[PDB]
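A.B. asks: Coordinates in entry.cif, mmCIF, C-alpha atoms and all ligand atoms, are listed below.
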data_model
#
loop_
_atom_site.label_atom_id
_atom_site.label_comp_id
_atom_site.auth_asym_id
_atom_site.auth_seq_id
_atom_site.Cartn_x
_atom_site.Cartn_y
_atom_site.Cartn_z
CA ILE H 1 94.76 72.75 70.68
CA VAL H 2 96.10 71.32 73.99
CA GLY H 3 98.65 73.41 75.98
CA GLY H 4 98.18 76.51 73.78
CA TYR H 5 97.07 80.10 74.41
CA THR H 6 94.26 82.41 73.32
CA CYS H 7 95.30 83.93 70.02
CA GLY H 8 93.47 87.23 70.33
CA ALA H 9 90.56 88.13 68.04
CA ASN H 10 91.46 88.19 64.38
CA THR H 11 95.26 87.79 64.89
CA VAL H 12 95.14 84.75 62.57
CA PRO H 13 93.26 86.33 59.64
CA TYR H 14 93.55 83.32 57.26
CA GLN H 15 91.96 80.81 59.75
CA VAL H 16 88.48 79.61 58.77
CA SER H 17 85.91 77.39 60.58
CA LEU H 18 84.03 74.67 58.54
CA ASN H 19 80.44 74.54 59.84
CA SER H 20 77.51 72.08 59.16
CA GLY H 21 75.31 73.35 62.05
CA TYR H 22 78.38 73.13 64.42
CA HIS H 23 82.19 73.65 63.99
CA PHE H 24 83.80 70.42 62.77
CA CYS H 25 87.17 71.33 61.04
CA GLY H 26 89.55 74.24 60.35
CA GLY H 27 90.94 75.49 57.07
CA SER H 28 93.11 78.23 55.56
CA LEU H 29 92.13 80.97 53.17
CA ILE H 30 94.66 81.02 50.20
CA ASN H 31 92.79 83.48 47.92
CA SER H 32 89.45 85.28 48.17
CA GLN H 33 87.57 82.31 46.69
CA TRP H 34 89.54 79.25 47.86
CA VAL H 35 90.28 77.47 51.13
CA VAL H 36 92.61 74.54 51.78
CA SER H 37 91.69 71.95 54.41
CA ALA H 38 92.04 68.21 54.96
CA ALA H 39 90.31 65.54 52.81
CA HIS H 40 88.98 63.65 55.84
CA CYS H 41 86.94 66.78 56.72
CA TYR H 42 84.90 66.42 53.60
CA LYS H 43 81.08 66.38 53.73
CA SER H 44 78.30 68.05 51.87
CA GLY H 45 76.45 71.02 53.27
CA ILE H 46 79.52 73.06 54.31
CA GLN H 47 79.34 76.70 55.32
CA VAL H 48 82.79 78.44 55.59
CA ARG H 49 83.06 80.98 58.36
CA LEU H 50 85.76 83.64 58.03
CA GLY H 51 86.78 86.42 60.48
CA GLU H 52 85.73 84.35 63.43
CA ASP H 53 86.99 84.32 67.00
CA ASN H 54 84.10 83.20 69.30
CA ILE H 55 82.26 80.58 67.13
CA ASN H 56 79.13 80.64 69.32
CA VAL H 57 78.53 84.43 69.22
CA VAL H 58 78.27 86.80 66.24
CA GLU H 59 80.51 89.78 67.39
CA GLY H 60 81.21 91.48 64.04
CA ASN H 61 83.86 90.78 61.25
CA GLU H 62 82.36 87.42 60.41
CA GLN H 63 81.55 86.42 56.79
CA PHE H 64 79.50 83.07 56.29
CA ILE H 65 79.74 81.82 52.72
CA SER H 66 78.59 78.48 51.38
CA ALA H 67 81.00 76.17 49.64
CA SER H 68 80.26 75.87 45.86
CA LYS H 69 82.42 72.63 45.52
CA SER H 70 84.96 70.67 47.51
CA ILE H 71 87.84 68.89 45.66
CA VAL H 72 89.35 66.04 47.65
CA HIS H 73 92.78 64.96 46.35
CA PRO H 74 92.14 61.98 43.82
CA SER H 75 94.86 59.84 45.55
CA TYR H 76 93.60 60.47 49.08
CA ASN H 77 93.51 57.12 51.04
CA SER H 78 91.21 57.21 54.10
CA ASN H 79 93.09 54.28 55.61
CA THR H 80 96.56 55.82 55.66
CA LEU H 81 95.59 59.49 55.40
CA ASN H 82 98.24 59.84 52.68
CA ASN H 83 97.38 62.99 50.54
CA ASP H 84 95.04 64.32 53.28
CA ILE H 85 94.23 67.63 51.50
CA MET H 86 91.12 69.23 49.99
CA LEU H 87 90.35 72.57 48.21
CA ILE H 88 86.95 74.31 48.73
CA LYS H 89 85.75 76.91 46.31
CA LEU H 90 83.46 79.53 47.94
CA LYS H 91 80.13 80.52 46.36
CA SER H 92 81.15 84.21 46.39
CA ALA H 93 84.48 85.75 47.14
CA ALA H 94 85.40 86.91 50.58
CA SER H 95 86.13 90.64 51.20
CA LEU H 96 89.79 90.70 52.25
CA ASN H 97 91.03 93.22 54.80
CA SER H 98 93.34 93.12 57.89
CA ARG H 99 90.95 90.83 59.72
CA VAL H 100 90.36 88.41 56.83
CA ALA H 101 93.33 87.78 54.58
CA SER H 102 94.91 84.90 52.72
CA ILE H 103 98.27 83.20 53.60
CA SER H 104 100.98 82.39 51.01
CA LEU H 105 101.88 78.99 49.75
CA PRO H 106 105.57 77.92 50.23
CA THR H 107 108.30 78.00 47.54
CA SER H 108 110.47 75.45 49.39
CA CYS H 109 109.82 72.91 52.15
CA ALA H 110 110.85 73.79 55.67
CA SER H 111 113.48 72.10 57.73
CA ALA H 112 113.44 70.43 61.06
CA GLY H 113 113.69 72.86 63.92
CA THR H 114 111.71 75.48 62.00
CA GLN H 115 109.20 77.04 64.56
CA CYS H 116 105.50 77.28 63.34
CA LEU H 117 102.14 78.57 64.50
CA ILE H 118 99.20 76.11 64.63
CA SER H 119 95.69 77.39 65.52
CA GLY H 120 92.10 76.08 65.88
CA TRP H 121 88.93 75.54 67.91
CA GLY H 122 89.68 71.78 68.57
CA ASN H 123 89.76 69.97 71.89
CA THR H 124 91.99 71.45 74.61
CA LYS H 125 92.21 68.22 76.81
CA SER H 126 94.33 65.20 76.03
CA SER H 127 92.06 63.28 78.30
CA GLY H 128 88.31 64.13 77.77
CA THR H 129 86.69 66.77 75.62
CA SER H 130 86.61 70.54 76.22
CA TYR H 131 86.17 72.59 73.07
CA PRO H 132 86.72 76.33 73.37
CA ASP H 133 84.64 79.29 72.22
CA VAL H 134 87.71 81.32 71.01
CA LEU H 135 90.59 80.52 68.76
CA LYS H 136 93.63 78.89 70.38
CA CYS H 137 97.26 79.08 69.26
CA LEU H 138 100.40 77.02 69.70
CA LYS H 139 104.02 77.50 68.54
CA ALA H 140 105.62 74.15 67.71
CA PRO H 141 108.78 73.06 65.86
CA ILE H 142 109.00 70.70 62.84
CA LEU H 143 110.84 67.56 64.05
CA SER H 144 113.42 65.45 62.18
CA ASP H 145 112.22 62.77 59.81
CA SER H 146 114.06 60.17 61.93
CA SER H 147 112.28 61.25 65.13
CA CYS H 148 108.88 61.22 63.23
CA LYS H 149 109.61 57.80 61.69
CA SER H 150 110.77 56.45 65.01
CA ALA H 151 107.47 57.59 66.59
CA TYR H 152 105.09 56.19 63.93
CA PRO H 153 107.06 53.35 62.18
CA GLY H 154 105.62 52.33 58.85
CA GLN H 155 102.97 55.11 59.02
CA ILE H 156 104.74 58.21 57.72
CA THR H 157 104.83 58.92 54.04
CA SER H 158 106.81 61.53 52.17
CA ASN H 159 103.64 63.69 52.21
CA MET H 160 103.69 64.01 55.97
CA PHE H 161 105.95 65.59 58.70
CA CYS H 162 105.74 65.68 62.45
CA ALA H 163 105.70 68.81 64.60
CA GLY H 164 105.32 69.26 68.31
CA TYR H 165 106.87 68.11 71.61
CA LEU H 166 107.85 64.50 72.37
CA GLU H 167 107.51 65.34 76.04
CA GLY H 168 103.79 65.82 75.47
CA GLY H 169 101.40 68.43 76.89
CA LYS H 170 101.21 70.62 73.74
CA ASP H 171 99.72 69.55 70.39
CA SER H 172 96.75 70.05 67.99
CA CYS H 173 93.70 67.70 68.50
CA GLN H 174 90.31 66.68 67.09
CA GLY H 175 88.43 69.79 65.87
CA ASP H 176 91.72 71.37 64.68
CA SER H 177 91.97 69.03 61.62
CA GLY H 178 92.25 70.79 58.30
CA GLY H 179 93.69 73.93 60.00
CA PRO H 180 97.00 75.77 59.28
CA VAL H 181 100.63 75.19 60.30
CA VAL H 182 102.35 78.51 59.30
CA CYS H 183 106.14 78.95 59.41
CA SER H 184 107.85 82.19 58.42
CA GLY H 185 104.60 83.42 56.93
CA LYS H 186 104.04 80.49 54.59
CA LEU H 187 101.47 77.71 54.86
CA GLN H 188 103.67 74.60 55.41
CA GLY H 189 101.19 72.09 56.86
CA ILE H 190 97.55 71.03 57.40
CA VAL H 191 96.58 69.51 60.76
CA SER H 192 95.88 65.84 59.88
CA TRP H 193 96.26 63.17 62.61
CA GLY H 194 98.05 61.87 65.70
CA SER H 195 97.73 59.10 68.33
CA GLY H 196 95.54 60.79 70.89
CA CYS H 197 96.38 64.34 71.67
CA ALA H 198 99.53 65.68 73.45
CA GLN H 199 100.80 62.23 74.49
CA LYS H 200 104.54 61.64 75.09
CA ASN H 201 106.45 60.49 71.99
CA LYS H 202 103.34 60.84 69.85
CA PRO H 203 103.65 64.19 68.06
CA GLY H 204 101.09 65.49 65.51
CA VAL H 205 101.33 64.54 61.84
CA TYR H 206 100.72 67.17 59.21
CA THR H 207 100.17 67.14 55.45
CA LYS H 208 103.40 68.47 53.77
CA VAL H 209 102.00 71.33 51.71
CA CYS H 210 105.20 72.09 49.67
CA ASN H 211 104.60 68.74 47.89
CA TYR H 212 101.20 69.97 46.63
CA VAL H 213 101.93 73.45 45.39
CA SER H 214 101.80 72.61 41.71
CA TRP H 215 98.56 70.50 42.21
CA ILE H 216 96.87 73.32 44.10
CA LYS H 217 97.75 75.91 41.42
CA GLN H 218 96.78 73.60 38.51
CA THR H 219 93.48 72.63 40.07
CA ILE H 220 92.45 76.25 40.99
CA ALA H 221 93.46 77.28 37.50
CA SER H 222 91.05 74.75 35.88
CA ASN H 223 87.95 75.33 38.20
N1 LIG P 1 97.33 64.63 68.06
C1 LIG P 1 97.07 65.40 67.01
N2 LIG P 1 97.99 66.26 66.58
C2 LIG P 1 95.81 65.30 66.33
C3 LIG P 1 95.55 66.16 65.24
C4 LIG P 1 94.38 66.14 64.49
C5 LIG P 1 93.44 65.22 64.86
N3 LIG P 1 92.28 64.98 64.34
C6 LIG P 1 91.79 64.03 65.05
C7 LIG P 1 90.49 63.49 64.80
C8 LIG P 1 89.99 62.49 65.63
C9 LIG P 1 88.73 61.93 65.43
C10 LIG P 1 88.02 60.87 66.06
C11 LIG P 1 88.59 59.49 65.70
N4 LIG P 1 88.21 58.52 66.77
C12 LIG P 1 87.93 62.36 64.39
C13 LIG P 1 88.35 63.35 63.53
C14 LIG P 1 87.49 63.78 62.53
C15 LIG P 1 87.13 65.14 62.41
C16 LIG P 1 86.25 65.60 61.41
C17 LIG P 1 85.69 64.70 60.51
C18 LIG P 1 86.02 63.35 60.61
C19 LIG P 1 86.91 62.89 61.61
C20 LIG P 1 89.64 63.90 63.74
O1 LIG P 1 90.07 64.85 62.85
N5 LIG P 1 92.57 63.59 66.04
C21 LIG P 1 93.61 64.38 65.88
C22 LIG P 1 94.77 64.37 66.66
CA CA P 2 81.67 84.82 66.36
#
Show me the file's structure as structure tokens.
Ligand SMILES: NC(=[NH2+])c1ccc2[nH]c(-c3cc(CC[NH3+])cc(-c4ccccc4)c3[O-])nc2c1
Ligand SMILES: [Ca+2]
C.D. replies:
Amino acid sequence: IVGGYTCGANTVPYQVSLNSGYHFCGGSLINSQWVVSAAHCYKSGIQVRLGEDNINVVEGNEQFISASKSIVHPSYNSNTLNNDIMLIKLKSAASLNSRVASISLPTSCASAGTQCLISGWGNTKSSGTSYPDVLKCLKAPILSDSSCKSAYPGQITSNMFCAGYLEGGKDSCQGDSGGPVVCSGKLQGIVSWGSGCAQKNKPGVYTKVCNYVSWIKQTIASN
């Protein structure tokens, strides 16, 4: 997260860290045994870390659970990042409390101007890499489809939306991918891509979760 602030330990109880010997993507806890993340974060050998704040130090509240399976959307296209979503089933269920809790899925899509909270342990520099030890937060608004389309012509599908600041300086970045975009207490987006990080007129692009609610429920129900 570039231009954000320190969230405060465990203030984002549904945030998870995907680890393969180092932190590589974020994710969101939607039930005690399932996490939602981005399809391009897929790999084998994933350990899900819940209740984290400082990813380099065990401080208490953490729960490390191996992933039993990962389900990448069947229509995911690695060239356009259309349908950039994945579900991960945990080997055992997490113990939910005030420090580890799930987030709710939306019942309707959100509109432009809605203000959301984006968090993660991704790069904090738009120019060079500096990855933090603690969880960073950023409040950003959903932009209009015309502003998004104008910014990335021919690259935005109906399963994506832009959020951020066209003036640059604030945005999600590499390492934040697969993490949550929460608006009014509902999971509306998944950090997916962008052209660089926090550049002017190049806002972040997020997977539009409201378009996958039925898929998510159907898939969890059959696995
Ligand atoms: N400006 C943004 N809002 C933004 C958001 C998420 C991003 N994720 C990435 C990203 C960039 C790279 C390096 C490509 N030269 C790699 C990954 C990546 C991470 C994990 C696994 C595979 C690729 C990214 O998610 N850039 C990003 C930029
Ligand atoms: Ca820790």
A.B. asks: When the cut-off is 10 Å and you count only C-alpha atoms and all ligand atoms, which residues lie near ligand CA 2 (chain P), shown as a JSON list (two decimals) with C-alpha atoms, in the frame of the given file?
C.D. replies:
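File written: part-v7.json
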[["chain", "number", "residue", "atom", "x", "y", "z"],
["H", 9, "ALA", "CA", 90.56, 88.13, 68.04],
["H", 49, "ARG", "CA", 83.06, 80.98, 58.36],
["H", 50, "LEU", "CA", 85.76, 83.64, 58.03],
["H", 51, "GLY", "CA", 86.78, 86.42, 60.48],
["H", 52, "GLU", "CA", 85.73, 84.35, 63.43],
["H", 53, "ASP", "CA", 86.99, 84.32, 67.00],
["H", 54, "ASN", "CA", 84.10, 83.20, 69.30],
["H", 55, "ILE", "CA", 82.26, 80.58, 67.13],
["H", 56, "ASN", "CA", 79.13, 80.64, 69.32],
["H", 57, "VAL", "CA", 78.53, 84.43, 69.22],
["H", 58, "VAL", "CA", 78.27, 86.80, 66.24],
["H", 59, "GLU", "CA", 80.51, 89.78, 67.39],
["H", 60, "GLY", "CA", 81.21, 91.48, 64.04],
["H", 61, "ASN", "CA", 83.86, 90.78, 61.25],
["H", 62, "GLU", "CA", 82.36, 87.42, 60.41],
["H", 63, "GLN", "CA", 81.55, 86.42, 56.79],
["H", 133, "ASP", "CA", 84.64, 79.29, 72.22],
["H", 134, "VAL", "CA", 87.71, 81.32, 71.01]]
A.B. asks: Residues of stretch 117-223 of chain H that approach stretch 85-107 of chain H to 8 Å or less, counting all atoms listed in the file: could you list each one with the shortest pair of atoms and its distance in Å to one decimal, rows by chain and increasing residue number, as a Markdown table?
C.D. replies:
| residue | atom | partner | partner_atom | distance |
| --- | --- | --- | --- | --- |
| H:178 | CA | H:85 | CA | 7.8 |
| H:185 | CA | H:104 | CA | 7.0 |
| H:186 | CA | H:104 | CA | 5.1 |
| H:187 | CA | H:105 | CA | 5.3 |
| H:188 | CA | H:106 | CA | 6.4 |
| H:190 | CA | H:85 | CA | 7.6 |
| H:207 | CA | H:85 | CA | 7.2 |
| H:209 | CA | H:106 | CA | 7.6 |
| H:210 | CA | H:106 | CA | 5.9 |
| H:213 | CA | H:105 | CA | 7.1 |
| H:216 | CA | H:87 | CA | 7.7 |
A.B. asks: May I ask which of the residues H:174, H:79, H:115, H:146 is the closest one to ligand LIG 1 (chain P), counting all atoms listed in the file?
C.D. replies: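 Once distances to ligand LIG 1 (chain P) are computed over all atoms listed in the file, the minimum belongs to H:174.
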A.B. asks: Let me see if you get this right: every residue at most 10 Å from ligand LIG 1 (chain P), counting all atoms listed in the file, written as number ranges by chain.
C.D. replies: H: 1-2, 18, 23-26, 38-43, 122-123, 126, 162-164, 168, 170-179, 190-199, 202-206
A.B. asks: Check the smallest atom-to-atom distance from each of H:125, H:184, H:215, H:32 to residue H:108 using only C-alpha atoms, then report the winner.
C.D. replies: H:184
A.B. asks: Might you pull out every residue within 8 Å of stretch 140-145 of chain H, with only C-alpha atoms counted and same-chain residues fewer than 2 positions away left off, and present them as a list in words?
C.D. replies: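 Residues near the query, excluding close chain neighbours: residues 111, 112, 113, 114, 115, 116, 117, 118, 138, 147, 148, 149, 161, 162, 163, 164, 165 and 171 of chain H.
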A.B. asks: Point out the residue among H:155, H:119, H:78, H:19 with the least atom-to-atom distance to residue H:182, counting all atoms listed in the file.
C.D. replies: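 Of H:155, H:119, H:78, H:19, the one nearest residue H:182 is H:119, counting all atoms listed in the file.
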A.B. asks: Would you mind telling me which residue in H:33, H:157, H:6, H:47 lies nearest to residue H:64 when using all atoms listed in the file?
C.D. replies: H:47
A.B. asks: H:110, H:137, H:45, H:189: which is nearest residue H:21, counting all atoms listed in the file?
C.D. replies: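 Distance minimum relative to residue H:21 lands on H:45.
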A.B. asks: Of the candidates H:128, H:169, H:153, H:180, which one gets nearest to residue H:4 if we count only C-alpha atoms?
C.D. replies: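 Using only C-alpha atoms, the shortest distance to residue H:4 belongs to H:169.
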A.B. asks: Could you jot down the atom CA of residue H:181 to atom CA of residue H:166 separation for me, Å, one decimal place?
C.D. replies: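 The value is 17.7 Å.
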